[PDB]
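Notes follow the structure.
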Amino acid sequence: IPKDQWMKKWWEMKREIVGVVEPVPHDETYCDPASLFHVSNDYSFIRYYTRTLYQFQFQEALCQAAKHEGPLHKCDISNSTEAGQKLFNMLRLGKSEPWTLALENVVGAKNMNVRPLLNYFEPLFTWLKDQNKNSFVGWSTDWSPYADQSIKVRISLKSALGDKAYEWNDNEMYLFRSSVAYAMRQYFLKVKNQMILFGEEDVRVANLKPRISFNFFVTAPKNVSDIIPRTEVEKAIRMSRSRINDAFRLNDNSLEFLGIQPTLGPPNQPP
Amino acid sequence: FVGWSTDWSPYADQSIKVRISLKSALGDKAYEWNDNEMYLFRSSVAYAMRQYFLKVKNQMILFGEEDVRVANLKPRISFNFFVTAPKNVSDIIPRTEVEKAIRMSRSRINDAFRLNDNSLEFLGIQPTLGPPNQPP
Amino acid sequence: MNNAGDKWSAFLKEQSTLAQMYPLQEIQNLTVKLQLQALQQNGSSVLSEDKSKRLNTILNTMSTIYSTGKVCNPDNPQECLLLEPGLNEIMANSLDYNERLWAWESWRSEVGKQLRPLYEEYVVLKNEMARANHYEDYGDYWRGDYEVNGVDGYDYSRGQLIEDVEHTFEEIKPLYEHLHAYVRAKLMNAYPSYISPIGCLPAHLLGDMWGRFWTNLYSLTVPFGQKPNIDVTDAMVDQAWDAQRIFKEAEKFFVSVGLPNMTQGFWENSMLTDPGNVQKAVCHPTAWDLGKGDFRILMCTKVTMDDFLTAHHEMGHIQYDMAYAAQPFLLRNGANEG
Ligand SMILES: *[C@@H]1O[C@H](CO)[C@@H](O[C@@H]2O[C@H](CO)[C@@H](O[C@@H]3O[C@H](CO[C@H]4O[C@H](CO[C@H]5O[C@H](CO)[C@@H](O)[C@H](O)[C@@H]5O)[C@@H](O)[C@H](O[C@H]5O[C@H](CO)[C@@H](O)[C@H](O)[C@@H]5O)[C@@H]4O)[C@@H](O)[C@H](O[C@H]4O[C@H](CO)[C@@H](O)[C@H](O)[C@@H]4O)[C@@H]3O)[C@H](O)[C@H]2NC(C)=O)[C@H](O)[C@H]1NC(C)=O
Ligand SMILES: *[C@@H]1O[C@H](CO)[C@@H](O[C@@H]2O[C@H](CO)[C@@H](O[C@@H]3O[C@H](CO[C@H]4O[C@H](CO[C@H]5O[C@H](CO)[C@@H](O)[C@H](O)[C@@H]5O)[C@@H](O)[C@H](O[C@H]5O[C@H](CO)[C@@H](O)[C@H](O)[C@@H]5O)[C@@H]4O)[C@@H](O)[C@H](O[C@H]4O[C@H](CO)[C@@H](O)[C@H](O)[C@@H]4O)[C@@H]3O)[C@H](O)[C@H]2NC(C)=O)[C@H](O)[C@H]1NC(C)=O
Ligand SMILES: *[C@@H]1O[C@H](CO)[C@@H](O[C@@H]2O[C@H](CO)[C@@H](O)[C@H](O)[C@H]2NC(C)=O)[C@H](O)[C@H]1NC(C)=O
Ligand SMILES: *[C@@H]1O[C@H](CO)[C@@H](O)[C@H](O)[C@H]1NC(C)=O
Ligand SMILES: *[C@@H]1O[C@H](CO)[C@@H](O)[C@H](O)[C@H]1NC(C)=O
Ligand SMILES: *[C@H]1O[C@H](CO)[C@@H](O)[C@H](O)[C@H]1NC(C)=O
Ligand SMILES: *[C@H]1O[C@H](CO)[C@@H](O)[C@H](O)[C@H]1NC(C)=O
């Protein structure tokens, strides 16, 4: 992971592994994982994962020596000397032997297994499956609470220009972001009388596709957590749409903002 | 000559002067040249530099609106700009490369401001009209 | 305590240098080789003096920044909320979307920004330290705690942990998806027009600051709220259960499975009850294995079912520590960290 792509990766992992999406966008200036105690104090965190499995691997094992018949969550290993001796055979071992051998002395396996956890939670898993008949299981890596403020742009270069059409590389994206920032500056200067220093880094762009159709949203100048509401962005685009069209030699049909529909103009009539 | 001038500098030989006449090319319906127009012009110049360095020298240089330094702004809208290194201000791009970059992407700069090659004069970059093709 | 810890650390460091006289290429005794591995790891002693002091400085700075992190009102900077008091209560009790979002964002903007530049240098320094000890990366050094070699069947490589964890997580995903769907459906009725039925959950609506635990969401996701949970806290009060007999009950439970009794000096040296205000002590339940058959428990035990379970948990640690008392001091620890 490059040093300038930590957070973008982190919130890309939470959206598809944990299924948790950030409420507001975070740039590279944030260090969200460092806000956790175990990250900022140099503690290995994989220990809390394996320990979650081992106990069940122990428990499901200890209920076999205790001769448990019902569900695993109702098991009690008390009054069972065989289970205690089986546990003690590994307890007395300490570090003198590899942990795999210690596991094989209780669970009979050399590698960590996750099946005991599923066996433990099966009575809950069946109920949850029965409780989600009409709801949608899973999640999508494309939705976010701030996606309601995004404006989608669709560009068709080879239709408005035909031949002699430039290619949409990163430089064209920089020019487009600069044009959007200029439009925001013009709107905030000519309407609200507020001098806001927008830049090309304050127009955040995602979901770039070969169609040249992306989603951009304009944030605060240095307060990325703050997003300009979509209504003001639409008003700004309407105010200075001709300049944006001229900057790319497009005319109101190959540069569609998908929510900002242009007005053709009244057909003036004779008397 | 006794004395000195507050307008000369050793790096002033790398400066490119831009002269803009809004009310002649557009007449009426002409926007005013405030700071936002200057930001747009600097962004266009940075885009032109990026295009030149990508399509010729095969070098990816991340220019920005802060790397096109502008001085001597006047009500005529005539200033002097020079393009520096992305984060090495002490380093100035030589004027020849800047002129080549402007020549390469002058149409885009003209379109961004609705000017046509006569109200946007770069004072050193003269455009070419085009050969008058002849019948047999 | 600082002097004792420094003397112990100096002794360990000077013995680590002496342990270099016996390379692993010739040791044939399994436990001797393992003890040599335990005492041979240079750790932070392999870096230069400047790098070591910089690493210690940045670690201490990060720890202090996390500890002293306070969210303050710009209107009145004098009043601030700390992490443990208040802010955790805000994240675990409030049902207001805006308040939870403010708490989450303020905590992750006041502490994370101050920790990003320090963490960037911490990563590089740890990578350099790991590479100085013939490790590809510091994460590999972390994973080395599960390394097993030269057993002919029980061997475990450091790179095997990653693939094993990845394989195991894909078998939990089917259950986690259903649990997440149920949690989202139940939260839909508590925070309307914010939880999409098709997307994920916002990070600030998981009952806790970081989402590490969903326990505080239980009140918002109880399956059958009309049926009370199994609670026996009042029953112990009716029978007058002090914090002296619950440990006896735990001991009886332990001995019911064949595990040995408690030590004679364990009860006398223990602090099973809070010393009040006259004596200042800690309250985190901890087990202590001082050595020479000295096992003790520190716990400000109240009269609660959770206290009973915590007492059982601590007695578990005590029993585990007692089990390997005959092992050499370097091997007086669990098989691994979990
Ligand atoms: C970058 O941008 C971000 C935004 O993206 C910005 O962060 C915001 O900063 C502001 C200012 O500090 C925060 O607003 C503060 O909120 C504090 C928390 O208490 C309130 O939290 C909720 C806020 O809702 C407000 O608006 C709604 C709708 O208008 C209104 O109903 C609320 O009353 C409130 O005004 C709110 O839900 C919450 O509600 C309480 O009461 C209900 C009962 O009504 C109860 O059910 C709840 O459980 C809860 O107890 C509560 O009102 C708040 O303390 C704070 O107010 C103090 O400070 C201001 C000055 O800051 C004083 O004027 C005021 O008198 C108080 O002393 C203030 O309201 C906002 O939450 C942040 N948002 C985010 C997302 O972070 C950053 O500052 C920007 N940074 C930079 C550098 O620019
Ligand atoms: C941001 O941009 C700035 C530029 O704006 C940049 O700063 C430059 O960095 C370079 C690289 O370090 C500097 O060049 C170094 O100069 C050192 C000084 O010794 C030399 O100084 C003069 C340099 O002239 C060079 O070019 C001319 C013309 O091409 C040529 O004739 C010279 O020989 C030389 O190559 C030079 O006049 C001077 O001359 C000596 O000898 C004559 C006799 O011939 C004698 O009369 C003089 O008195 C003098 O003794 C001398 O040659 C130099 O040490 C250094 O060379 C070492 O380092 C490079 C690598 O850096 C090795 O490759 C090399 O083998 C040597 O080990 C190098 O030549 C340049 O001067 C800087 N300019 C400015 C304005 O600062 C920043 O680095 C940029 N920063 C970032 C972050 O990007
Ligand atoms: C590895 O060395 C240990 C320590 O010497 C051996 O364990 C026994 O330890 C006791 C106490 O130190 C000694 O009195 C014994 O002589 C040691 N050996 C035996 C067989 O009891 C251990 O046996 C050695 N391992 C091997 C494979 O030789
Ligand atoms: C520890 O460092 C010393 C030098 O300081 C080096 O000789 C040795 O190989 C390193 N590793 C071990 C395991 O001793
Ligand atoms: C453990 O000790 C208590 C008294 O300290 C004693 O009553 C009890 O019988 C002992 N346990 C066993 C199994 O004998
Ligand atoms: C279209 O109509 C809108 C308002 O109805 C107006 O602002 C805009 O200038 C019009 N565009 C034309 C006439 O080209
Ligand atoms: C003018 O001529 C130059 C080279 O002589 C050429 O690059 C440029 O495209 C021409 N411009 C026209 C024909 O508009």
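Sequential numbering from 1, following the chain as shown.
Placement of Cβ uses the backbone N, Cα and C atoms for every residue, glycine included.
Features as listed in Swiss-Prot:
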ACT_SITE  A:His38  active site, proton donor
DISULFID  A:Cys63-A:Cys75  disulfide bond
CARBOHYD  A:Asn79  N-linked glycosylation site
CARBOHYD  A:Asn223  N-linked glycosylation site
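Using a 10 Å radius centred on the Cβ of A:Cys63 (disulfide bond) and all shown protein chains, the other Cβ atoms total 21. A:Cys75 (disulfide bond) sits 33 Å from the residue listed as 'active site, proton donor', counting Cα to Cα. Filtering of the recorded positions A:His38, A:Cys63, A:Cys75, A:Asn223 by Cβ separation from chain C (threshold: under 8 Å) yields no residue. Proximity to ligand 1 (Cβ under 6 Å from any of its atoms) holds for none of the recorded positions A:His38, A:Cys63, A:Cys75.
Note on proximity: of the recorded positions A:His38, A:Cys63, A:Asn79, the one nearest A:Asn223 (N-linked glycosylation site) is A:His38, by Cα distance. A sphere of 10 angstroms centred on the C-beta of A:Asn79 (N-linked glycosylation site) encloses 12 other C-beta atoms.
Distance noted between the C-alpha atoms of A:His38 (active site, proton donor) and A:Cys63 (disulfide bond) is 33 Å. Calculated from their C-alpha atoms, the gap between A:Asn79 (N-linked glycosylation site) and A:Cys63 (disulfide bond) amounts to 12 Å. A:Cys75 (disulfide bond) carries neither a helix nor a strand DSSP state and counts as coil.
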